[PDB]
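Notes follow once the structure below has been shown.
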Amino acid sequence: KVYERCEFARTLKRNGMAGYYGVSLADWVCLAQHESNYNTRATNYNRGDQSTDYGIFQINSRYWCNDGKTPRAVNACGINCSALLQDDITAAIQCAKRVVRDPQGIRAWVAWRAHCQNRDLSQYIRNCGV
């Protein structure tokens, strides 16, 4: 239930996402990194703003995913946030796409805008043998 730059990259490329129309594998990695790669323990709830940041891709439960304990959220993904806390990231990818599919775009992770769009993050993926 753990994923690292390499792994993630491999999987991504193994899934067929790494190098998406726009989202570049490197961007994914860097992103997934800025999110909370490693172990699928990326969980940070916050009632203060009826929002929760869960998922390796640090997905907010204030719009994406849901639970059923908060009859307010607008689960745009329409899935159990827990589904993003499993072993297979299939949900993370599916949701990831189901999310980016919106007019939001990777931009949502402005972080990447201040992490990826800064230096060469290719050196991070360049080594796995991609």
Sequence ranges 29-35, 83-89, 5-11, ranked by mean other-Cβ count within 10 angstrom, highest first: 29-35, 5-11, 83-89
Per residue convex hull volume, Cα atoms of the chain, in Å³: 97 Å³
Under-5 Å amide H pairs with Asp53, H placed in peptide plane, nonlocal only: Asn44, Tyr45, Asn46, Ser61
The chain: calculated mean residue ellipticity at 222 nm from DSSP helix runs of at least 4, using -39500 (n - 2.57): -8500 deg cm²/dmol
Relative contact order of the chain, pairs being alpha-carbon contacts under 8 Å that are 6 or more residues apart, as %: 24 percent
Amide hydrogen neighbours beyond the local backbone of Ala18, cut-off 5 Å, H modeled: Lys13
HN-Hα J in Hz across the stretch 107-117 - Karplus 6.51, -1.76, 1.60, θ = phi - 60°, x for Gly and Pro: 2, 2, 8, 2, 3, 4, 5, 10, 8, 8, 6
Total charge dipole magnitude, the chain, about the Cα centre, Cβ charges on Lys, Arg, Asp, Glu only, Debye to nearest 20: 140 debye
Rounded Å value of the spacing that divides the Cα centres of the stretch 34-63 and the stretch 64-130: 10 Å
Charge sum, other residues only, whose C-beta stays under 14 Å from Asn66's C-beta, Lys/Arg counted +1 and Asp/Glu -1: +3
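When we count neighbours, we look across all protein chains shown, and the Cβ atoms used for this are built from the backbone with ideal geometry, even at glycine. Bear in mind that the values in this text are calculations on the coordinates, not laboratory data.
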